[PDB]
2 protein chains.
Amino acid sequence: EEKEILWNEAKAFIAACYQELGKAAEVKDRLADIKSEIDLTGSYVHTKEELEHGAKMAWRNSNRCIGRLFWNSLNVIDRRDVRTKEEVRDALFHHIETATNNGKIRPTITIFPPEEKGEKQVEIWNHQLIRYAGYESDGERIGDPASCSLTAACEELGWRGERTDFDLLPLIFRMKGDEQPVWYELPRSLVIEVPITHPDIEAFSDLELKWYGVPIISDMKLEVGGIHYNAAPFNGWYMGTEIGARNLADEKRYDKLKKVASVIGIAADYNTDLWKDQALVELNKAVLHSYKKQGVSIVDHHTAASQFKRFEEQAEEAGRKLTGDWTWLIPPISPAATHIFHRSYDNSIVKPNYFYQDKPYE
Amino acid sequence: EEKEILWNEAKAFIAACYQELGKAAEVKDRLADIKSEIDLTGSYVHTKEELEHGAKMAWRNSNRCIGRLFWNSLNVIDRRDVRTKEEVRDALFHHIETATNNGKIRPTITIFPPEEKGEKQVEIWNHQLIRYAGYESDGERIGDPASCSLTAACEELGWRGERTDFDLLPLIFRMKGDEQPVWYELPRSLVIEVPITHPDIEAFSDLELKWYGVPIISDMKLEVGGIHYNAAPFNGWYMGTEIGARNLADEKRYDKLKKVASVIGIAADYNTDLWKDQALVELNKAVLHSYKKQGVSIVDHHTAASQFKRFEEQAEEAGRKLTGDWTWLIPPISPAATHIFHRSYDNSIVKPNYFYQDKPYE
Ligand code: HEM
Ligand code: HEM
Ligand SMILES: Cc1cc(N)nc(CCc2ccc(CCCN)c(CCc3cc(C)cc(N)n3)c2)c1
Ligand SMILES: Cc1cc(N)nc(CCc2ccc(CCCN)c(CCc3cc(C)cc(N)n3)c2)c1
Ligand SMILES: [Cl-]
Ligand SMILES: [Cl-]
């Protein structure tokens, strides 16, 4: 059963991948080889060409992603050779460095050895490789509340945060055969951060807001032809709203809208003044302005939606069905100002793809 | 078959309606009466109590409506006695007057005789009782593009618009047995309109925008216990975003965002300036301000979402399942600033309800 799942998934992937690569004639022989290998070993090993194209397909099939136009230029780093925690740490440090690329962000994925018997070889605990800690001790809230449980887990293992609102969490991952994960403090030279200022309102700097340059999702599983790559961190560049309308704005995150309203000099007293809406717009302008000013890649939601329209056209033109999650594709700011809002999307799951998996803590 | 549909729907409705009315014991006798009546006549007639509560239930079950907190105070006008076009016209005029209520809008529905053999007794052509005409002659666009096809149909029947951007369409409806609908110009004394000004920006009046006070949806079918009330116009008061973020903002409607940007004194050149977002916020502030200043009921999307939260709690507290369409419930401005955005809703259809029906023109 488990291996029939593998063979069926392998069949579909190799056929599809090789068609896209103009390698359709090699499918028959390659499947024989794969079938023998599953027979003789219980699994199979992707060629580097398969691995790279599979990761790209997986991005292409990510229903919730507005940035998919650029799927085919994903920079895929093959790290299936890794066996030690030093090698993992160094691969993660390297991913941060090459993806950041001095601000000119490169969409990158580093792929670690896949699950064996559903047994992980490398288990990453971080949600993102770069993220801020969060604390909640006796009524006082510090940092990013979304990081509270991971932060508590790190502090169990002998890490201690400075309890600033922007403590960088350490890298934390466990190796197969180890009982506890290890942690490593991020070298600050690796991590670009951007201070948030506003183009016109000088007082905006009084909020002392900042955010990190590169979102590197490190807790999803990449699945390709029945192989489960549970550890495969990937990054793009930010869409501004992710920072200005969610990370810094949500009541359950940094919750900064009342403070924004005060520095931009409007009252925060009446719903009918639309002060939250006005504060959201200004904070979002500041975020775009700040990233651009520092030379760190970022895209606004209008340009993003325009790019996504092109992805849609490209898919049609290539004869591929389009899939999407409307509820995630619409930006959280002026959604009806984008074309996305005014059409519908088929939310079917197509593989290869990226999937949620259970957290190893909490 | 057709009558088995009717009896099954009647069974479910009478049971449910009478439970809610504390009249559970009368269900058995009432169903016998109904069953005989379908047997003897092919249909049945609602008591006034059933009709009123059914219309209220229908509002309660409208998945796409954020305003449902107030379902139980709907003002139901029973006009099943109507037989002539003068009576229909007068009932429609009356609905406008009593719903408008000098600006203190009353959620109201007027219910006309239901379909007989799927044969309409009264067929209303208007989408809303009050709406602006739209024209598109040889490249030049005037008025509301959404009204183009109905406007063309009216002008076929000998009506002529002044071709202002805000021509009030005439009431247009057809009677059973008539080949053509009739039309009647709206008395302007009946129709409250609001000029759009901004609380701080004096130049905003230069846009000469306005909108009508009361949205009265007149093209949906109310279904109650298997009876099809195809003509049953209903109204609430506006949520500000419907006007500021859609009617006046959409590129396929009045398309005013570039003009808004100019009068509020910002450039409309770069996506990263979020000029569309900023223009949307200011236009939406102006709309709320203008309605409030004139004494015409309106609700902002924050207050609306707060009221909807109470509807949710009320439903749970009453032991009723909640249904909703997330894609319509989220406001088109700052949706993530409402609780709606952060939860999910079951989009199942529960009856009684309001349903789309085919337009009799186009
Ligand atoms: C190149 C720049 C990119 C941009 C601007 C972008 C934009 C976004 C945005 C805005 C979201 C939505 C998050 C939310 O709604 O809060 C998202 C989700 C997602 N993106 Fe992208 N993205 C990019 C690159 C990538 C890459 C390189 C991958 C993987 C190879 C990827 C895969 C995904 C996935 C899987 C999700 C869903 C995450 C989840 O379900 O939690 N994206 N993207
Ligand atoms: C009391 C004030 C009311 C407010 C503020 C309100 C608010 C809204 C809003 C914002 C929409 C969405 C339109 C859109 O997304 O563009 C809507 C849709 C709807 N509302 Fe309400 N509403 C109210 C009263 C009513 C009443 C009295 C009824 C019927 C008895 C009703 C039934 C509906 C229905 C059926 C829709 C869906 C229309 C469609 O599918 O095209 N609402 N409402
Ligand atoms: C690779 C990449 C690039 C980029 N610009 N953005 C992303 C998405 C980042 C991200 C990270 C974390 C999260 C939190 C939940 C995921 N377990 C999210 C999604 C946030 C969200 C929350 C809600 C309530 C709705 C919604 N649509 N989206 C999105 C990935
Ligand atoms: C009774 C009532 C009160 C009130 N405040 N609002 C309404 C809804 C009015 C309305 C009128 C017309 C329409 C146009 C289509 C309906 N055939 C709409 C819905 C507009 C819309 C468009 C799009 C693209 C998405 C969306 N969610 N909603 C909404 C009814
Ligand atoms: Cl993020
Ligand atoms: Cl409307």
# chains A, B, ... in the order shown; residues from 1 in each chain; ligands from 1

$ closest_atom_pairs --of "chain B" --to "ligand 3" --cutoff "9 Å" --atoms "only C-alpha atoms and all ligand atoms" --output "Markdown table"
| residue | atom | partner | partner_atom_place_in_ligand_line | distance |
| --- | --- | --- | --- | --- |
| B:336 | CA | ligand 3 | 24 (C) | 7.7 |
| B:341 | CA | ligand 3 | 24 (C) | 6.7 |
| B:342 | CA | ligand 3 | 24 (C) | 4.7 |
| B:343 | CA | ligand 3 | 24 (C) | 7.4 |

$ write_last_selection --atoms "N, CA, C and O atoms" --output "compact mmCIF listing (two decimals), in the first residue's frame"
# COMPACT_ATOMS: atom_id res chain seq x y z
N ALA B 336 -8.79 42.57 6.73
CA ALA B 336 -8.11 41.88 7.82
C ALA B 336 -8.23 42.63 9.15
O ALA B 336 -7.82 42.13 10.20
N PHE B 341 -12.54 38.18 8.56
CA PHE B 341 -11.38 37.73 7.79
C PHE B 341 -10.68 36.53 8.42
O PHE B 341 -10.16 35.67 7.71
N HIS B 342 -10.67 36.49 9.75
CA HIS B 342 -9.85 35.52 10.47
C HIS B 342 -10.60 34.26 10.88
O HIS B 342 -10.05 33.43 11.60
N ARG B 343 -11.83 34.09 10.42
CA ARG B 343 -12.51 32.81 10.62
C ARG B 343 -13.10 32.30 9.32
O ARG B 343 -13.00 32.96 8.29

$ interface_residues --of "chain A" --to "chain B" --cutoff "7 Å" --atoms "only C-alpha atoms" --output "PyMOL selection string"
chain A and resi 271-274+277-278+281+285+288+300+302-303+332-336

$ residues_near_ligand --ligand "ligand 6" --cutoff "9 Å" --atoms "only C-alpha atoms and all ligand atoms" --output "ChimeraX atom specification"
/B:128,131,214-217,238,242-243,246-247

$ write_last_selection --atoms "C-alpha atoms" --output "tab-separated table (two decimals), in the first residue's frame"
chain	number	residue	atom	x	y	z
B	128	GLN	CA	-32.86	48.26	-7.67
B	131	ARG	CA	-30.61	53.34	-9.66
B	214	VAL	CA	-31.58	53.68	-0.15
B	215	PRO	CA	-30.53	50.47	-1.89
B	216	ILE	CA	-33.74	48.56	-2.70
B	217	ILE	CA	-32.95	45.20	-4.35
B	238	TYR	CA	-25.85	51.12	2.91
B	242	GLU	CA	-20.56	49.53	-1.15
B	243	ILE	CA	-20.58	53.11	-2.36
B	246	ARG	CA	-17.33	49.69	-5.40
B	247	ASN	CA	-20.05	51.88	-6.96

$ atom_distance --atom1 "atom CA of residue B:206" --atom2 "atom 8 (C, counted along the ligand's line) of ligand 2"
29.2 Å

$ residues_around --residues "residue B:311" --least-positions-apart "6" --cutoff "10 Å" --atoms "only C-alpha atoms" --output "PyMOL selection string"
chain B and resi 60+66-71+305+317+322

$ write_last_selection --atoms "C-alpha atoms" --output "PDB file, in the first residue's frame"
ATOM      1  CA  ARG B  60     -31.327  35.478   8.430  1.00  0.00           C
ATOM      2  CA  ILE B  66     -23.127  41.262   6.838  1.00  0.00           C
ATOM      3  CA  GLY B  67     -26.179  43.136   8.147  1.00  0.00           C
ATOM      4  CA  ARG B  68     -28.094  40.119   9.412  1.00  0.00           C
ATOM      5  CA  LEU B  69     -28.067  41.105  13.126  1.00  0.00           C
ATOM      6  CA  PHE B  70     -31.291  42.979  12.530  1.00  0.00           C
ATOM      7  CA  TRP B  71     -33.171  40.203  10.718  1.00  0.00           C
ATOM      8  CA  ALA B 305     -18.525  43.605  11.282  1.00  0.00           C
ATOM      9  CA  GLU B 317     -26.875  31.148  21.710  1.00  0.00           C
ATOM     10  CA  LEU B 322     -24.540  29.787  11.175  1.00  0.00           C
TER      11      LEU B 322
END

$ residues_near_ligand --ligand "ligand 1" --cutoff "6 Å" --atoms "only C-alpha atoms and all ligand atoms" --output "ChimeraX atom specification"
/A:59,62,64-67,107,234-239,242,328,354

$ write_last_selection --atoms "N, CA, C and O atoms" --output "CSV table (one decimal), in the first residue's frame"
chain,number,residue,atom,x,y,z
A,59,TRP,N,6.2,25.0,-6.5
A,59,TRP,CA,5.9,26.5,-6.4
A,59,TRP,C,4.8,26.8,-7.3
A,59,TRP,O,3.8,27.5,-6.9
A,62,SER,N,1.3,26.1,-5.9
A,62,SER,CA,1.0,26.6,-4.6
A,62,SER,C,-0.2,27.6,-4.7
A,62,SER,O,0.0,28.8,-5.0
A,64,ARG,N,-2.0,29.3,-2.8
A,64,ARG,CA,-2.1,30.4,-2.0
A,64,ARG,C,-1.1,31.5,-2.3
A,64,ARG,O,-1.1,32.6,-1.7
A,65,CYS,N,-0.2,31.3,-3.3
A,65,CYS,CA,0.9,32.2,-3.6
A,65,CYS,C,0.6,33.1,-4.8
A,65,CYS,O,0.4,32.6,-5.9
A,66,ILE,N,0.6,34.4,-4.5
A,66,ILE,CA,0.4,35.4,-5.6
A,66,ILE,C,1.7,35.6,-6.4
A,66,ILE,O,1.6,36.1,-7.5
A,67,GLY,N,2.8,35.1,-5.9
A,67,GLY,CA,4.1,35.4,-6.6
A,67,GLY,C,4.5,34.4,-7.6
A,67,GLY,O,5.7,34.3,-8.0
A,107,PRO,N,14.9,34.2,-5.0
A,107,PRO,CA,14.0,33.1,-4.6
A,107,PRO,C,14.8,31.8,-4.6
A,107,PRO,O,15.3,31.4,-5.7
A,234,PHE,N,12.4,27.5,2.0
A,234,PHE,CA,12.3,28.3,0.7
A,234,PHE,C,12.0,29.7,1.0
A,234,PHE,O,11.3,30.0,2.0
A,235,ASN,N,12.4,30.6,0.1
A,235,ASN,CA,12.1,32.0,0.3
A,235,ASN,C,11.8,32.7,-1.0
A,235,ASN,O,12.2,32.3,-2.1
A,236,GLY,N,11.0,33.9,-0.9
A,236,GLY,CA,10.8,34.8,-2.0
A,236,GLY,C,11.3,36.1,-1.4
A,236,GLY,O,12.1,36.1,-0.5
A,237,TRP,N,10.8,37.2,-1.9
A,237,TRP,CA,10.8,38.5,-1.3
A,237,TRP,C,9.4,38.9,-0.8
A,237,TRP,O,8.5,38.2,-1.2
A,238,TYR,N,9.3,39.8,0.1
A,238,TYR,CA,8.0,40.2,0.7
A,238,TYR,C,7.1,40.9,-0.2
A,238,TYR,O,7.6,41.7,-1.1
A,239,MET,N,5.8,40.6,-0.1
A,239,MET,CA,4.8,41.6,-0.6
A,239,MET,C,4.6,42.5,0.6
A,239,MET,O,4.4,42.1,1.7
A,242,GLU,N,2.2,42.0,3.7
A,242,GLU,CA,2.5,40.9,4.7
A,242,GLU,C,3.1,41.5,5.9
A,242,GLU,O,2.8,41.0,7.0
A,328,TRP,N,-6.7,33.6,-0.1
A,328,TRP,CA,-5.3,34.0,0.2
A,328,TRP,C,-4.7,34.8,-0.8
A,328,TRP,O,-3.8,35.6,-0.6
A,354,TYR,N,3.8,22.2,-1.8
A,354,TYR,CA,4.3,22.4,-0.4
A,354,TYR,C,3.1,22.2,0.6
A,354,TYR,O,2.0,22.7,0.3

$ closest_residue --among "B:73, B:44, B:39, B:105" --to "residue B:56" --atoms "only C-alpha atoms"
B:73

$ decode --residues "stretch 9-34 of chain B" --atoms "C-alpha atoms" --output "tab-separated table (two decimals), in the first residue's frame"
chain	number	residue	atom	x	y	z
B	9	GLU	CA	-40.64	22.38	1.42
B	10	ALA	CA	-43.92	23.33	3.09
B	11	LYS	CA	-43.41	20.63	5.72
B	12	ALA	CA	-39.93	21.84	6.63
B	13	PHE	CA	-40.90	25.52	6.71
B	14	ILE	CA	-44.11	25.23	8.75
B	15	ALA	CA	-42.42	23.01	11.33
B	16	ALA	CA	-39.44	25.36	11.69
B	17	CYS	CA	-41.45	28.61	11.53
B	18	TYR	CA	-43.99	27.46	14.12
B	19	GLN	CA	-41.25	26.24	16.52
B	20	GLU	CA	-39.66	29.70	16.43
B	21	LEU	CA	-43.09	31.26	17.02
B	22	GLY	CA	-43.84	29.00	20.01
B	23	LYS	CA	-46.71	27.59	17.93
B	24	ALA	CA	-45.39	24.01	17.67
B	25	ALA	CA	-48.72	22.40	18.60
B	26	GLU	CA	-50.56	23.90	15.61
B	27	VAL	CA	-48.19	22.33	13.08
B	28	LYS	CA	-50.18	19.10	12.63
B	29	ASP	CA	-53.52	20.74	11.81
B	30	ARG	CA	-51.92	23.45	9.66
B	31	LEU	CA	-50.09	20.83	7.56
B	32	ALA	CA	-53.32	18.90	7.00
B	33	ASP	CA	-54.98	22.10	5.79
B	34	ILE	CA	-51.99	22.84	3.55
